[PDB]
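Everything on this sheet refers to the single structure shown next.
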Amino acid sequence: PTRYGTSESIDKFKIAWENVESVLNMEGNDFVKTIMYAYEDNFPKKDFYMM
Amino acid sequence: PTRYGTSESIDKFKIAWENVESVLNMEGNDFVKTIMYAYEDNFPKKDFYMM
Amino acid sequence: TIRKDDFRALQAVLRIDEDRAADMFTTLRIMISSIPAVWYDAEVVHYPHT
Amino acid sequence: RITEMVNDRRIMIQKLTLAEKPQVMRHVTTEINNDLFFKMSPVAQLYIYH
Amino acid sequence: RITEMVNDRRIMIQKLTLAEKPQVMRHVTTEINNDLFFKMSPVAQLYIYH
Amino acid sequence: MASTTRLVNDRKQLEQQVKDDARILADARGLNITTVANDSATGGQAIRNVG
Amino acid sequence: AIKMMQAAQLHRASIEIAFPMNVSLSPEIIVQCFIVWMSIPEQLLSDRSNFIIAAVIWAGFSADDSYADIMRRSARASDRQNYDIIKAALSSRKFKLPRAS
Amino acid sequence: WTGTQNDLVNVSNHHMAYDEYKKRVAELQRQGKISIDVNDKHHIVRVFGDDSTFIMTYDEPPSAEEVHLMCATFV
């Protein structure tokens, strides 16, 4: 958490998640991933990154 | 007497009511059948069956 | 103003039939036994859901 | 402040999400309370009639 | 291995052959614990609703 | 009062047993969760401070 | 249906009722409150909603108190306590309502 | 009884059409189109034999293209 800002870290985490999902597992729905994506505006950035 | 008397799931009542419904449609019992199907909401099927 | 007799009709029309009750209970029985129970303590978030 | 304003419990105000609590808005210089309304008594009758 | 399980149903399998025993075949089995998703999370209400 | 007076309960037990063994053997095929989005907005009239 | 199913599980996500705006004691409000009172279980509702429903019900039966005089009981007692008082008043020797539970 | 029958039938299917038009409007509202806060309060249906009319009132008047969207949805 001491390499980027509070938002660049979120973007990097999203990219890493997408890459890992497309690397190992076949394409699906990823219920938890969509749940996190949809309600990301209901949380402040710091606690969203912590979660 | 035994084996599902006064304490059984409401699911089982559909099985019991079938015979009474069949008898109530035997070309000559029409007087009671209309009274039943007209005033159901005041005298529901359960108490009639118990009586 | 409403007449005292207008309530018993209202209660009569709100009754629940036996087959309706059986259909009500089937779904709940198949739902209680599968949903995880560790989330029942969760505090509400996104209030428009309630 | 708005909740303290509207003492009636029938009115209920939209709950605030966690991310929306620290947001910043602009308020008026001085609020309009009964104090200002009390000072229009010499001409209030015309307003009421109209 | 298949015959050993006696969980809920009676599994019956005919004897294969005296010579078809050593035939090889691939069958994968995931080994990852699934108890780390059912922790207490600040977002469980969304899980329940959806 | 003989064995003929135990037919309805016999049918009830048989129905329950058939419902059970029709589901013990049925295959378990899980579906893919979809249609998850943030579509629960709340309307109403604003406050519109006067001054 | 989804909201009611959720409210029966979480122990803290009880339904909150939004009442119509700037209209008080309209004829449809009374009958809708009655339907809610004798058709919706009490444990699935918030204390505030139960109190408002009970107040609307009790306004028309009290000899003296009016709707505003009842809503003014918000102080001097809590929401749940006011709801309990009103419900006990509706199960006396003079009045009897179901209040589905 | 021709007029009575015509007005009974005309006022019947109107309710069933309004019932599902409400669902379609609610669908559009959750997505971004008609927008929230555009909700009718009183709707009155008047029938004179075959001919009929439908009047819906609003607290905040929807803009011009909202009217087109909701009329198309109803029709």
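Residues in the structure tokens are named by chain (A, B, ... in the order shown) and by number from 1 within that chain; ligands are numbered from 1 in the order shown.
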
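Fit chain A to chain B on the Cα trace, atom for atom in sequence order, and the RMSD comes out at 5.3 Å.
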
Need the shell around segment 33-43 of chain H: protein/DNA/RNA residues with any atom at most 6 Å away, counting only C-alpha atoms. Skip same-chain ones fewer than 6 positions apart. Format as an mmCIF file with N, CA and C atoms, in the first residue's frame?
data_model
loop_
_atom_site.group_PDB
_atom_site.id
_atom_site.type_symbol
_atom_site.label_atom_id
_atom_site.label_comp_id
_atom_site.auth_asym_id
_atom_site.auth_seq_id
_atom_site.Cartn_x
_atom_site.Cartn_y
_atom_site.Cartn_z
ATOM 1 N N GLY F 43 -36.068 7.859 -4.877
ATOM 2 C CA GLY F 43 -36.437 9.200 -5.274
ATOM 3 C C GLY F 43 -36.967 10.021 -4.121
ATOM 4 N N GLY F 44 -37.706 11.067 -4.469
ATOM 5 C CA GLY F 44 -38.273 11.987 -3.510
ATOM 6 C C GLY F 44 -37.945 13.419 -3.861
ATOM 7 N N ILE H 55 -56.644 9.638 -18.140
ATOM 8 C CA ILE H 55 -56.025 10.857 -17.636
ATOM 9 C C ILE H 55 -55.196 10.511 -16.409
ATOM 10 N N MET H 56 -53.921 10.895 -16.427
ATOM 11 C CA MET H 56 -53.016 10.687 -15.307
ATOM 12 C C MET H 56 -52.412 12.017 -14.887
ATOM 13 N N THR H 57 -52.341 12.242 -13.579
ATOM 14 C CA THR H 57 -51.846 13.488 -13.019
ATOM 15 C C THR H 57 -50.492 13.271 -12.358
ATOM 16 N N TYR H 58 -49.693 14.332 -12.323
ATOM 17 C CA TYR H 58 -48.346 14.282 -11.778
ATOM 18 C C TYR H 58 -48.108 15.490 -10.886
ATOM 19 N N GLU H 66 -39.873 12.767 -22.034
ATOM 20 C CA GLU H 66 -40.437 11.820 -21.078
ATOM 21 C C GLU H 66 -41.864 11.457 -21.455
#

>> Matching each Cα of chain E to the same-order Cα of chain D and superposing by least squares, what RMSD do you find?
In response: 5.0 Å

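As for atom CA of residue 13 of chain B and atom CA of residue 19 of chain C, they are spaced 8.2 Å apart.
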
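The coordinates place atom CA of residue 4 of chain E at 17.4 Å from atom CA of residue 21 of chain E.
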
>> Considering only alpha helix (DSSP H) as DSSP defines it on the backbone, what residues of chain C qualify? List them as a PyMOL selection string.
In response: chain C and resi 6-13+18-32

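Atom to atom, atom CA of residue 36 of chain G and atom CA of residue 49 of chain G stand 10.3 Å apart.
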
>> Using only C-alpha atoms, which protein or nucleic acid residues come within 9 Å of segment 14-29 of chain G? Drop anything in the same chain fewer than 4 positions from it, and give the result as a PyMOL selection string.
In response: (chain C and resi 49-50) or (chain D and resi 10-12) or (chain G and resi 3-4+6-8+10+33-34+43-49+56+67)

>> Under the rule that only C-alpha atoms are counted, which of G:62, G:9, G:92, G:50 is the nearest residue to chain D?
In response: G:50

>> Taking 3 positions as the minimum chain separation for residues in the same chain, which residues sit within 12 Å of residue 41 of chain C when counting only C-alpha atoms? Answer as a VMD selection string.
In response: (chain C and resid 36 to 38 44) or (chain E and resid 39 to 45 48) or (chain G and resid 9 to 13)

>> as a ChimeraX atom specification, could you give me every residue of chain A near chain F (at most 9 Å apart, counting only C-alpha atoms)?
In response: /A:28-31,34-35,38-39

> Could you name the residues that touch residue 46 of chain F at 12 Å or less, counting only C-alpha atoms, but leaving out those on the same chain fewer than 2 positions away, as a ChimeraX atom specification?
Replying inline: /D:2,13-14 /F:42-44,48-50 /H:37

For the residues in that selection, give me N, CA, C and O atoms as a PDB file, in the first residue's frame.
ATOM      1  N   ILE D   2     -31.397  19.131   9.657  1.00  0.00           N
ATOM      2  CA  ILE D   2     -32.712  18.950   9.049  1.00  0.00           C
ATOM      3  C   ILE D   2     -33.579  18.039   9.906  1.00  0.00           C
ATOM      4  O   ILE D   2     -34.778  18.283  10.078  1.00  0.00           O
ATOM      5  N   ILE D  13     -36.081  10.886   6.620  1.00  0.00           N
ATOM      6  CA  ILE D  13     -35.108  11.456   5.695  1.00  0.00           C
ATOM      7  C   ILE D  13     -34.203  10.346   5.190  1.00  0.00           C
ATOM      8  O   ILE D  13     -33.900   9.396   5.921  1.00  0.00           O
ATOM      9  N   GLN D  14     -33.776  10.461   3.934  1.00  0.00           N
ATOM     10  CA  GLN D  14     -32.932   9.439   3.331  1.00  0.00           C
ATOM     11  C   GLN D  14     -31.652   9.259   4.133  1.00  0.00           C
ATOM     12  O   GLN D  14     -30.991  10.234   4.496  1.00  0.00           O
TER      13      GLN D  14
ATOM     14  N   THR F  42     -33.470   5.553  -4.869  1.00  0.00           N
ATOM     15  CA  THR F  42     -34.603   6.086  -4.124  1.00  0.00           C
ATOM     16  C   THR F  42     -34.833   7.536  -4.520  1.00  0.00           C
ATOM     17  O   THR F  42     -33.899   8.345  -4.501  1.00  0.00           O
ATOM     18  N   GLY F  43     -36.068   7.859  -4.877  1.00  0.00           N
ATOM     19  CA  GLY F  43     -36.437   9.200  -5.274  1.00  0.00           C
ATOM     20  C   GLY F  43     -36.967  10.021  -4.121  1.00  0.00           C
ATOM     21  O   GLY F  43     -36.728   9.730  -2.948  1.00  0.00           O
ATOM     22  N   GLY F  44     -37.706  11.067  -4.469  1.00  0.00           N
ATOM     23  CA  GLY F  44     -38.273  11.987  -3.510  1.00  0.00           C
ATOM     24  C   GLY F  44     -37.945  13.419  -3.861  1.00  0.00           C
ATOM     25  O   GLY F  44     -37.178  13.707  -4.778  1.00  0.00           O
ATOM     26  N   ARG F  48     -33.825  21.997  -0.887  1.00  0.00           N
ATOM     27  CA  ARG F  48     -33.786  23.296  -1.561  1.00  0.00           C
ATOM     28  C   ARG F  48     -33.851  24.443  -0.548  1.00  0.00           C
ATOM     29  O   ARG F  48     -34.844  25.164  -0.441  1.00  0.00           O
ATOM     30  N   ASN F  49     -32.769  24.567   0.217  1.00  0.00           N
ATOM     31  CA  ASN F  49     -32.699  25.594   1.247  1.00  0.00           C
ATOM     32  C   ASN F  49     -32.962  26.975   0.662  1.00  0.00           C
ATOM     33  O   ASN F  49     -32.464  27.324  -0.411  1.00  0.00           O
ATOM     34  N   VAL F  50     -33.761  27.758   1.373  1.00  0.00           N
ATOM     35  CA  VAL F  50     -34.086  29.106   0.964  1.00  0.00           C
ATOM     36  C   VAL F  50     -33.212  30.071   1.747  1.00  0.00           C
ATOM     37  O   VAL F  50     -32.748  29.776   2.852  1.00  0.00           O
TER      38      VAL F  50
ATOM     39  N   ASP H  37     -38.874  10.337  -9.424  1.00  0.00           N
ATOM     40  CA  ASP H  37     -39.632  11.579  -9.087  1.00  0.00           C
ATOM     41  C   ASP H  37     -40.660  11.885 -10.180  1.00  0.00           C
ATOM     42  O   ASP H  37     -41.266  12.975 -10.119  1.00  0.00           O
TER      43      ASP H  37
END
